[PDB]
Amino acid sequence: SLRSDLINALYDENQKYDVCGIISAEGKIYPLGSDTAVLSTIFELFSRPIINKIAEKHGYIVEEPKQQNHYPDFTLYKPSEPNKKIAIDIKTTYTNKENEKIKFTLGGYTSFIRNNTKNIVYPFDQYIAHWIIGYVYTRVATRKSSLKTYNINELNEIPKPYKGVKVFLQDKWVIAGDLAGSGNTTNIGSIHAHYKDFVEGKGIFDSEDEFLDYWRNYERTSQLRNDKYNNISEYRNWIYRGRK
C-alpha cells in the first residue's frame, strides 16, 4: 500500500544516504550546523523526493503548500477522490544519547483543528488521514572543520553534526500525547516514549475522535485547565461527569 511503501522507502533512503552539506551550482559545499533548526530542514528536504516517488506510484497527486506556514508539508490525493486527501507532516527531535525517550511538537491545537480552513492547505474536513513522519537524531557538536568549504571530492571528509538517525511514519492521533508540546505557540505534545513505541503506535488515545475532542477543549494555560482537565484521565472524568 501507499503507507507500507512509504515507510519502507523512508527506512531505506535513510539507510543508504547521509546528508552532509548544502551544495552550490558551481560545486562548492557548505557543512551543516548542529541544531534542530538546521536538521529539521534537512530531513524534510531529504524526504520530498521519496514521498513524491511513492505517491505517484500509487496514483496520488502531491502538493506542497503554496503559502507559508500552512499545514501540511504534503497533501496527497487522487483527483477521483477529492475529499479523501492524506496529510503528511515531517517532525524532527533530538536525543542526547542513542535510544532514550523522545517527544515531538505536533502542530497547533488552535488552528485548523478548531477551525476548518485556518492555516491549512485544504479545508480540514477533506482529509481522511494525518500522518507524521518523525525523525530522531543524536546531537554531536560542530567542530572547527565544519567552518570550511569543500568540493565534490572531499564528501566523506565533511563532518556530520549528527549520528544515529531514525525515521518513522505513524498516524498523528496515535502518537499524540495529553500535555502541550509548547506554550506561547500552543502545540500538541506527542507521547514521550521510545522510538519503537512511535513505530508500533503505543499511544494513549482510544480513537482519533477522542484525540480530537481532547485537543479541541484543552485550555491554553494551566490556570484555565486547572479545574477542567490537564491530562487524559482528568479529561475522561470530565467527559464522564457531563463535560463540567
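So that there is no doubt, residue numbering starts at 1 and follows the sequence shown.
K.L.:
Please work out which of 107-115 and 79-87 has the higher mean CA B-factor as recorded in the PDB entry.
P.N.:
It is 79-87.
K.L.:
If you average the CA temperature factors over each stretch, which comes out higher, 145-153 or 166-174?
P.N.:
Going by the record's values, the stretch with the higher mean is 145-153.
K.L.:
Highest Cα B-factor in the PDB entry belongs to which of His58, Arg216, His192, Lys196?
P.N.:
Across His58, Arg216, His192, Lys196, the entry lists the biggest C-alpha B-factor for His58.
K.L.:
Determine, from the deposited record, the chain-internal third of the Cα B-factor for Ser207: lowest, middle or highest.
P.N.:
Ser207: CA B-factor falls in the middle third of its chain.
K.L.:
Where does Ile23 sit by CA temperature factor within its chain: lowest, middle or highest third?
P.N.:
Lowest third of the chain for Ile23's C-alpha B-factor.
K.L.:
Determine, from the deposited record, the chain-internal third of the Cα B-factor for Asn230: lowest, middle or highest.
P.N.:
Its C-alpha B-factor belongs to the middle third of this chain's values.
K.L.:
With respect to C-alpha B-factor, does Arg236 fall in the lowest, middle or highest third of the chain as deposited?
P.N.:
For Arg236, whose C-alpha B-factor we compare with every modelled residue in the chain, the answer is the lowest third.
K.L.:
Going by the entry, which third of its chain does the Cα temperature factor of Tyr135 land in?
P.N.:
As the PDB entry reports it, the C-alpha B-factor of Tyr135 lands in the lowest third of its chain.
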